[PDB]
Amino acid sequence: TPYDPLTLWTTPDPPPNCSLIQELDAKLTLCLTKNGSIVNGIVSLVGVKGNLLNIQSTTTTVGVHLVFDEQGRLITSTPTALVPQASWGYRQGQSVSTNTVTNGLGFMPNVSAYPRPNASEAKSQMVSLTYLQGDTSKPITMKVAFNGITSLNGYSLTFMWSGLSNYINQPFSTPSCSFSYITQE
């Protein structure tokens, strides 16, 4: 196989691929690898245009969602952060394969473990402390919610970087942040 069926990513160095506040104003690098019932994930977000380059005084949180359908295939429409033309799929070299994901449920967060109506439940969350800029003097929290911004028969991943309130005139930028979850299949 030319591609790796155990990995779904945005490629290691994506171009601006999100229009969070304004058109293509951010780069979301996300890689998901399936290891049995657990997905090892590494996410990273950085502002490249507009307010994301200069965190507004009132901003306390910056977040993105990835909503998938019942086959685990990403849906490129609000509120999914990645734009329609953005790379997302099996890994093939430093790029993405053009094949459609046919084992998508292997990467989706398990709904028995994280019921769609349970996003507020601590268990549907994996919360950690990290640092803006990667600067240890600028602590922030990262919360990953599982299936909280769902449909039905659908799945989702939500990433919230909070505690930004006290960080101004700084571009929004996170370190590579790790996380994991039990898989649907």
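Don't overthink the numbering: it's just position in the shown sequence, from 1.
- Relative to one another, 34 to 42 and 56 to 64 have unequal mean CA B-factors, and 56 to 64 is the one with the higher figure.
- Across the residues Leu152, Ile140, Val144, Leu28, the deposited record lists the maximum Cα B factor for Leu152.
- Compared with the other modelled residues of the chain, the Cα B-factor recorded for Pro109 ranks in the lowest third.
- Per the deposited record, the Cα B-factor of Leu8 falls in the middle third when ranked against the other modelled residues of its chain.
- In the PDB entry, a CA B factor belonging to the middle third of its chain's modelled residues is recorded for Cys18.
- In this PDB entry, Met126 carries a Cα temperature factor that places it within the lowest third of its chain's modelled residues.
- In this PDB entry, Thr1 carries a Cα temperature factor that places it within the highest third of its chain's modelled residues.
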